[PDB]
Structure formats: C-alpha cells, structure tokens
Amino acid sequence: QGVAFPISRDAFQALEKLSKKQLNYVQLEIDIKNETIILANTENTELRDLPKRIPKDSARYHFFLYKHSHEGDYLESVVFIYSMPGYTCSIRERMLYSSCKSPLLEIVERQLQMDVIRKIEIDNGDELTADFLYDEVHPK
C-alpha cells in the first residue's frame, strides 16, 4: 500500500501552477535511488500533442488539463495519468510508481486543492486519443 515520497520544490511549484491553470501539463518521475518525486516535463500541451509526451521506455505521472464540452458545459478537467509502458520498467520501478501514486494524489488534493476529475492508467501515449479521454471522464 501507499508510500509517501518527498516532492521536489520544482515539481510542487509546477503542480501549484497547474492547479491555478497557469500550466496545462506537468509530467513527474520517481528518482528511484533517492526515493523522490521530481519534475520531468512542463511543455504547453493541447490534447493532440498529449500522445507524444508519454515516454516509451519508462513509467510516469502526468497531470493534464483536459478542456472539452460535456452536455452544454465547457469543462477544464484536470486528469491524472499513470503511464507504464511494460517490461522495459524493472519490478522496482513498477512497484514504486504504483505505491507512490495515492500519497502523491492525496498531497496534491490536501495542499493544492487540485480537483482531479479522473485517474487514468495506460500502456502507451498512442491510447490518449480525444474519444478515449472523453470515455474515461464521462463513461455514461
């Protein structure tokens, strides 16, 4: 169950900006040996560029601002993404990303009042098509 790794000041500041909608994408990684969550990428990301942000060889955490219409409303929905490409990740890498997930999500809610509307887990970036994001957030 839940293991809490410290978050870098940088990673925390980028998540603080994403909660204030100043950034639309924050990718985080676990520094496995130092047991820390660090900042990996904060590029401006629209839904069409999102598939091309997901590494192919290593697991990652992503916070993405999903802007879309749903029954007449326009929603800016912060979504959480746990990408795990497969056996390229060691058992230790796979275990740390799974165990560190909940505490990171609790700290982000408790401190930054980020409203994570959905938590998604994917094998690879090519899955993050517009329809897929819509079916995860609004499964009907």
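Residues carry their position along the shown sequence, with the first being 1.
- Comparing 101 to 109 with 59 to 67, the stretch with the higher mean C-alpha B-factor in the PDB entry is 101 to 109.
- When the modelled residues of the chain are ordered by their C-alpha B factor, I91 lands in the lowest third.
- The deposited CA B-factor of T42 belongs to the middle third of values across its chain.
- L50: CA B factor lies in the middle third for its chain, per the PDB record.
- Among all modelled residues in its chain, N24 ranks in the lowest third by Cα B-factor.
- Among the modelled residues of its chain, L15 has a C-alpha B-factor that falls in the middle third, as given in the PDB entry.
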